[PDB]
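A single chain comes next, written as structure tokens; it is the form deposited in one PDB entry.
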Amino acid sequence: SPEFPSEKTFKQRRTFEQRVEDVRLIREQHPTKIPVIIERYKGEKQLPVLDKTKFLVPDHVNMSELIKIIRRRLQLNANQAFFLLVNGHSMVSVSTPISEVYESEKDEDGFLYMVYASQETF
């Protein structure tokens, strides 16, 4: 309903140069954490909104483990599908540590962005 404001993403809330500086601080202060932004896909109509956007993920966590963590945060039932996408592809089969996903996939601003949805392509 146009009665309500549109959902704004992390990159709309914080400028590139702000995000850059935020990641510079995290990398110095928490060197073994990966800085991850997790957001619901803009067109998603089944899954609820996440109660946190910016996560400091220990670098040894793998994607199977991260999927369980976000399904838990969202309080999903086993009947609900959930897909976690990085740059247009699904993370379920990655299983390398998130340290390697960061190195391959991180944004120019230094955060690793993920989008979740009830389907794999969208």
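C-alpha atoms forming the largest set that superposes within 1.5 Å between two forms make up the rigid core. Residues that one form lacks are left out of the comparison. Don't overthink the numbering: it's just position in the shown sequence, from 1.
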Quiz item: Can you tell me which stretch has the higher mean Cα B-factor, 68-76 or 88-96?
Solution: 88-96
Self-check item: Given 26-34 and 54-62, the range whose Cα B-factors average higher in the PDB entry
Solution: 26-34
Quiz prompt | Third of the chain's Cα B-factor distribution that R19 belongs to, per the entry | solution = lowest
Quiz prompt | Among modelled residues of the same chain, the CA temperature factor third for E103 | solution = highest
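Omitted from view is the form solved in complex with a small molecule, to which the following refers.
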Quiz prompt | Close approach of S95 to the small molecule in the bound PDB entry, 4.5 Å, heavy atom | solution = no
Self-check item: Contact label in the bound PDB entry: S90 to the small molecule, heavy atom within 4.5 Å
Solution: yes
Quiz item: If you check in the bound PDB entry, is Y41 within 4.5 Å of the small molecule, heavy atoms only?
Solution: no
Quiz item: Which residue in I37, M91, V61, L47 stands out, with a C-alpha shift of 2 Å or more between the shown form and the other one when both forms are set on the rigid core?
Solution: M91
Practice problem: Could you tell me whether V92 and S104 have their C-alpha atoms closer or farther apart in the bound PDB entry than in the shown form, knowing the shift is 3 angstroms or more? | Solution: closer
Practice problem: Compare the CA separation of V94 and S64 in the bound PDB entry with the one in the displayed structure, and answer closer or farther (the difference is at least 3 Å). | Solution: closer
Self-check item: Superposed on the rigid core, segments between the shown form and the other one of at least 3 residues with Cα shifts of 2 Å or more
Solution: 87-94
